[PDB]
Amino acid sequence: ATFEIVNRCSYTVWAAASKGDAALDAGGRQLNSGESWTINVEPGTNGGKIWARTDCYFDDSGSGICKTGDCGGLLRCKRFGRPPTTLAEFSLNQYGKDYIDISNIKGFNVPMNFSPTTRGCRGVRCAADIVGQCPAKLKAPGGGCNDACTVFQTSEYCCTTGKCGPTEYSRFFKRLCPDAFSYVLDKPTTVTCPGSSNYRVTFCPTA
Ligand code: NA
């Protein structure tokens, strides 16, 4: 599959693409305002995620840190990032079908649109000002809006037993971005696309 990562934000972001135990394509790159990044995800990739990182400083070896989405201090991520991170999640070629979604389960930092560049399905977007409206107890100093599980580490917010209901915090993310996951057992907002589709991820799609 071919993903195009576009940065429409007025500020620089450092994109990342990982499937948990290995990088996706180069793993990460700096994206100035308006820059696009094309990557190739091997068909069958399961559990891949694309996200943005803000306020990064990297050395010549690619080691550094970001205030949001840091993935172990590396520019080229081999691992998911530290919350809060708006997540673009995808499983490809699962019995002739791709599955895509946007998730606020690990917080929110940058507005995001996730849409296919081919035919057969629709796209999902979370472009609200979640950071501006973020409750005080979930605000992250570095920037972004943390999820309740990251903050309070309870069975209910993290849904550890397996059963959990919506909380006051998940409804906040859900009220602003209905098309994104607000908690683990949230009613799936997943989109089903034809196998081997191509996609474009746009940061700050409305600005
Ligand atoms: Na998730």
# chains A, B, ... in the order shown; residues from 1 in each chain; ligands from 1
$ residues_near_ligand --ligand "ligand 1" --cutoff "12 Å" --atoms "only C-alpha atoms and all ligand atoms" --output "count of residues only"
37
$ select_by_dssp --residues "region 76-161 of chain A" --states "strand (DSSP E or B)" --output "list in words"
residues 87, 88, 89, 90, 91, 97, 98, 99, 100, 101, 102, 103, 108, 112, 113, 114, 115, 116, 124, 125, 126, 139 and 145 of chain A
$ residues_around --residues "region 91-98 of chain A" --least-positions-apart "4" --cutoff "8 Å" --atoms "only C-alpha atoms" --output "list in words"
residues 43, 44, 45, 46, 47, 48, 192, 193, 194, 195, 196 and 197 of chain A
$ residues_around --residues "residue 136 (chain A)" --least-positions-apart "3" --cutoff "12 Å" --atoms "only C-alpha atoms" --output "list in words"
residues 130, 131, 132, 133, 139, 140, 141, 144, 145, 146, 147, 148, 151 and 169 of chain A
$ write_last_selection --atoms "N, CA, C and O atoms" --output "mmCIF file, in the first residue's frame"
data_model
loop_
_atom_site.group_PDB
_atom_site.id
_atom_site.type_symbol
_atom_site.label_atom_id
_atom_site.label_comp_id
_atom_site.auth_asym_id
_atom_site.auth_seq_id
_atom_site.Cartn_x
_atom_site.Cartn_y
_atom_site.Cartn_z
ATOM 1 N N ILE A 130 -9.490 20.022 20.237
ATOM 2 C CA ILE A 130 -9.497 19.238 21.468
ATOM 3 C C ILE A 130 -8.503 19.810 22.470
ATOM 4 O O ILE A 130 -8.761 19.825 23.679
ATOM 5 N N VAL A 131 -7.361 20.303 21.987
ATOM 6 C CA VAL A 131 -6.368 20.871 22.894
ATOM 7 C C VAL A 131 -6.903 22.148 23.530
ATOM 8 O O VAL A 131 -6.683 22.406 24.720
ATOM 9 N N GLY A 132 -7.613 22.967 22.751
ATOM 10 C CA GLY A 132 -8.160 24.199 23.297
ATOM 11 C C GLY A 132 -9.245 23.951 24.326
ATOM 12 O O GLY A 132 -9.369 24.695 25.304
ATOM 13 N N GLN A 133 -10.044 22.908 24.124
ATOM 14 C CA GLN A 133 -11.134 22.577 25.030
ATOM 15 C C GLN A 133 -10.744 21.538 26.071
ATOM 16 O O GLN A 133 -11.584 21.167 26.897
ATOM 17 N N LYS A 139 -4.888 18.151 30.460
ATOM 18 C CA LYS A 139 -3.925 18.941 29.703
ATOM 19 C C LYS A 139 -2.513 18.407 29.909
ATOM 20 O O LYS A 139 -2.131 18.025 31.018
ATOM 21 N N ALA A 140 -1.733 18.389 28.826
ATOM 22 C CA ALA A 140 -0.339 17.976 28.870
ATOM 23 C C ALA A 140 0.566 19.190 28.736
ATOM 24 O O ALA A 140 0.427 19.943 27.763
ATOM 25 N N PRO A 141 1.491 19.425 29.674
ATOM 26 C CA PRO A 141 2.350 20.618 29.561
ATOM 27 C C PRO A 141 3.026 20.755 28.208
ATOM 28 O O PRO A 141 2.947 21.822 27.586
ATOM 29 N N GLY A 144 -1.002 19.109 23.834
ATOM 30 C CA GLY A 144 -1.924 18.020 23.586
ATOM 31 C C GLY A 144 -2.819 17.756 24.780
ATOM 32 O O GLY A 144 -2.697 18.362 25.848
ATOM 33 N N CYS A 145 -3.734 16.812 24.578
ATOM 34 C CA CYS A 145 -4.747 16.462 25.565
ATOM 35 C C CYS A 145 -4.637 14.975 25.868
ATOM 36 O O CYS A 145 -4.874 14.142 24.986
ATOM 37 N N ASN A 146 -4.277 14.645 27.105
ATOM 38 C CA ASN A 146 -4.074 13.255 27.487
ATOM 39 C C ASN A 146 -5.397 12.518 27.665
ATOM 40 O O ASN A 146 -6.429 13.107 28.003
ATOM 41 N N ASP A 147 -5.348 11.208 27.435
ATOM 42 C CA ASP A 147 -6.463 10.322 27.723
ATOM 43 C C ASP A 147 -6.486 9.975 29.210
ATOM 44 O O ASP A 147 -5.471 10.051 29.909
ATOM 45 N N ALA A 148 -7.671 9.593 29.694
ATOM 46 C CA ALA A 148 -7.849 9.346 31.122
ATOM 47 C C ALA A 148 -7.033 8.153 31.606
ATOM 48 O O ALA A 148 -6.612 8.127 32.768
ATOM 49 N N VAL A 151 -3.440 9.192 32.369
ATOM 50 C CA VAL A 151 -3.319 10.078 33.525
ATOM 51 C C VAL A 151 -3.506 9.305 34.827
ATOM 52 O O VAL A 151 -2.630 9.310 35.700
ATOM 53 N N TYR A 169 -14.603 11.654 30.746
ATOM 54 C CA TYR A 169 -13.502 12.089 29.892
ATOM 55 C C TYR A 169 -13.642 11.567 28.464
ATOM 56 O O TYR A 169 -13.400 12.310 27.507
#
$ atom_distance --atom1 "CA of residue 76 (chain A)" --atom2 "CA of residue 5 (chain A)"
14.9 Å
$ closest_residue --among "A:23, A:60, A:138, A:70" --to "residue 150 (chain A)" --atoms "only C-alpha atoms"
A:138
$ atom_distance --atom1 "CA of residue 14 (chain A)" --atom2 "CA of residue 29 (chain A)"
5.5 Å
$ closest_residue --among "A:77, A:65, A:127, A:13" --to "residue 113 (chain A)" --atoms "only C-alpha atoms"
A:127
$ residues_around --residues "residue 58 (chain A)" --least-positions-apart "6" --cutoff "10 Å" --atoms "only C-alpha atoms" --output "PyMOL selection string"
chain A and resi 64-66+73-75
$ select_by_dssp --residues "chain A" --states "alpha helix (DSSP H)" --output "compact mmCIF listing (two decimals) with N, CA, C and O atoms, in the first residue's frame"
# COMPACT_ATOMS: atom_id res chain seq x y z
N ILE A 130 -9.49 20.02 20.24
CA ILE A 130 -9.50 19.24 21.47
C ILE A 130 -8.50 19.81 22.47
O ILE A 130 -8.76 19.83 23.68
N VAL A 131 -7.36 20.30 21.99
CA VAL A 131 -6.37 20.87 22.89
C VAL A 131 -6.90 22.15 23.53
O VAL A 131 -6.68 22.41 24.72
N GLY A 132 -7.61 22.97 22.75
CA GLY A 132 -8.16 24.20 23.30
C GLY A 132 -9.24 23.95 24.33
O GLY A 132 -9.37 24.69 25.30
N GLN A 133 -10.04 22.91 24.12
CA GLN A 133 -11.13 22.58 25.03
C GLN A 133 -10.74 21.54 26.07
O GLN A 133 -11.58 21.17 26.90
N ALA A 148 -7.67 9.59 29.69
CA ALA A 148 -7.85 9.35 31.12
C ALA A 148 -7.03 8.15 31.61
O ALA A 148 -6.61 8.13 32.77
N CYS A 149 -6.81 7.16 30.75
CA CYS A 149 -6.01 6.00 31.16
C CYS A 149 -4.57 6.41 31.43
O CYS A 149 -4.00 6.04 32.47
N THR A 150 -3.96 7.15 30.51
CA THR A 150 -2.59 7.63 30.70
C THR A 150 -2.44 8.38 32.02
O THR A 150 -1.43 8.24 32.71
N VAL A 151 -3.44 9.19 32.37
CA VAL A 151 -3.32 10.08 33.52
C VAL A 151 -3.51 9.30 34.83
O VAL A 151 -2.63 9.31 35.70
N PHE A 152 -4.65 8.63 34.98
CA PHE A 152 -5.06 8.12 36.28
C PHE A 152 -4.80 6.63 36.49
O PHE A 152 -4.85 6.17 37.63
N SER A 155 -8.54 0.83 36.33
CA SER A 155 -9.10 -0.25 35.52
C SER A 155 -10.23 0.26 34.62
O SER A 155 -10.41 -0.26 33.51
N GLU A 156 -10.98 1.26 35.08
CA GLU A 156 -12.11 1.75 34.30
C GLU A 156 -11.65 2.55 33.09
O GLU A 156 -12.12 2.34 31.98
N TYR A 157 -10.71 3.48 33.30
CA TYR A 157 -10.22 4.29 32.19
C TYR A 157 -9.43 3.44 31.20
O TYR A 157 -9.51 3.66 29.98
N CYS A 158 -8.67 2.47 31.70
CA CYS A 158 -7.84 1.62 30.85
C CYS A 158 -8.55 0.35 30.41
O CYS A 158 -8.03 -0.36 29.53
N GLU A 168 -16.74 10.39 31.97
CA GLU A 168 -16.84 11.82 31.72
C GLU A 168 -15.77 12.30 30.74
O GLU A 168 -16.00 13.25 29.98
N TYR A 169 -14.60 11.65 30.75
CA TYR A 169 -13.50 12.09 29.89
C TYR A 169 -13.64 11.57 28.46
O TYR A 169 -13.40 12.31 27.51
N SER A 170 -14.04 10.30 28.29
CA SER A 170 -14.19 9.77 26.94
C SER A 170 -15.31 10.49 26.19
O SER A 170 -15.24 10.64 24.97
N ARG A 171 -16.34 10.93 26.91
CA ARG A 171 -17.42 11.66 26.25
C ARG A 171 -16.93 13.01 25.72
O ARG A 171 -17.46 13.50 24.71
N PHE A 172 -15.94 13.61 26.37
CA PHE A 172 -15.37 14.86 25.86
C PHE A 172 -14.76 14.65 24.48
O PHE A 172 -15.10 15.36 23.53
N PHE A 173 -13.84 13.69 24.36
CA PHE A 173 -13.26 13.39 23.05
C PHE A 173 -14.34 12.97 22.06
O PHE A 173 -14.27 13.32 20.87
N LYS A 174 -15.35 12.22 22.52
CA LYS A 174 -16.38 11.74 21.61
C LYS A 174 -17.29 12.87 21.16
O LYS A 174 -17.70 12.93 19.99
N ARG A 175 -17.63 13.79 22.07
CA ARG A 175 -18.48 14.92 21.71
C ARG A 175 -17.85 15.77 20.61
O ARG A 175 -18.57 16.31 19.76
N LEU A 176 -16.53 15.89 20.60
CA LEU A 176 -15.84 16.72 19.61
C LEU A 176 -15.45 15.95 18.35
O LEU A 176 -15.44 16.53 17.26
$ closest_residue --among "A:28, A:1, A:162, A:129" --to "residue 63 (chain A)" --atoms "only C-alpha atoms"
A:28
